[PDB]
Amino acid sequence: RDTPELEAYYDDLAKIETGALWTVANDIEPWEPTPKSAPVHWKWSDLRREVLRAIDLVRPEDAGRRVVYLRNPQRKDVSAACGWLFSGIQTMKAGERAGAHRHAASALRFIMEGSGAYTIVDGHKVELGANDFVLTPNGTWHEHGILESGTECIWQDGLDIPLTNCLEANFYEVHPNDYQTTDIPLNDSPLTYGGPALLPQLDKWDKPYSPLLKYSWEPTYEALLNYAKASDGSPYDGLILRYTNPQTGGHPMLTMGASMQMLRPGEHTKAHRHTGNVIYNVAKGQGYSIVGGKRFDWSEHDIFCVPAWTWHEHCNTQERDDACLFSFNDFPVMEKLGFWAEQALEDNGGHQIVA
């Protein structure tokens, strides 16, 4: 036990708002990181049913608000899905309309069902189909909706709200007159900045985020097929392409990156771990994944977590069909702050034991 002299010294230190470093929990400087976030897998059958169920059970108040957010069991206090990333599933009918606002939190919206979905980002209107995603970067006036001719749409939102909050950098304001006014032609952004290695001769665009705000499923699929003709990709991800800011080559946003990967028929990757958090969405196909020993058998439009520094591998159970996983992450924040670390699994042939 401590000496009456020591216990008097710690008490003296507290009086001046100080302490002894030998008195704290030994993992103030840990040998390696250990995630507080736990691996979770969300079944599309459950999500579609419970989100649509919300329409008839929601009050006149709390318009939306009406989101089924993915709560990590170990991340309940900050309502995050993985690490410092927020994710919610939401729905709207044709003609429905949410007012414009801006926040310091960056966001992306990945459509998983329906047609007619749109987003105005700083006057640039963008229409989205299944497996397309739109960017709404930090500080931009954005609003969402469904076109009048559209169907009922269901999408996933990914934000860095928890990161924005914990860093004490959060800001919010509603549009001074509810909705943005713009005469800029529809889909101007993807149509002008969406060409392969191609940019307007005069680039009047000087913002640190991507000028391309919509990333299309079809051309991305087409490009992965092309990548399949010339490379095997990585041992840990297969044919993996990351989305870019075409002005810089860097990530689409300052805090968030996104990727799309293709797994060949019967392919089973090796396992690795890294310092970022990753949230996967199954854009196409059927298979399973092992993350932290736990097995997740996934189908089209399922969602699953991979916490930081957690062993993870992927597998396509289809016999003659490729599988495509969309994913977004906090990679840019890792890379910019020099915290990016990666390590392969040496045990087995590079594969986790499933219990």
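Numbers follow the displayed sequence, beginning with 1.
Judged by mean Cα B factor in the deposited record, 231-239 ranks above the other of 231-239 and 116-124. The PDB entry reports B-factors from which the mean C-alpha value can be compared for 274-282 and 261-269; the larger average falls on 261-269.
Out of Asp188, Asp206, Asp132, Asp160, the entry records its largest CA B-factor for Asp206. Ranked within its chain, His103 lands in the lowest third, by CA B factor from the PDB record. In the deposited entry, the Cα temperature factor of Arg109 sits in the middle third of values across the chain's modelled residues. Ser216: CA B factor lies in the lowest third for its chain, per the PDB record. Split the chain's modelled residues into thirds by C-alpha temperature factor. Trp22 is in the highest one.
The entry lists a Cα temperature factor for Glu143 that places it in the lowest third of the chain's modelled residues.
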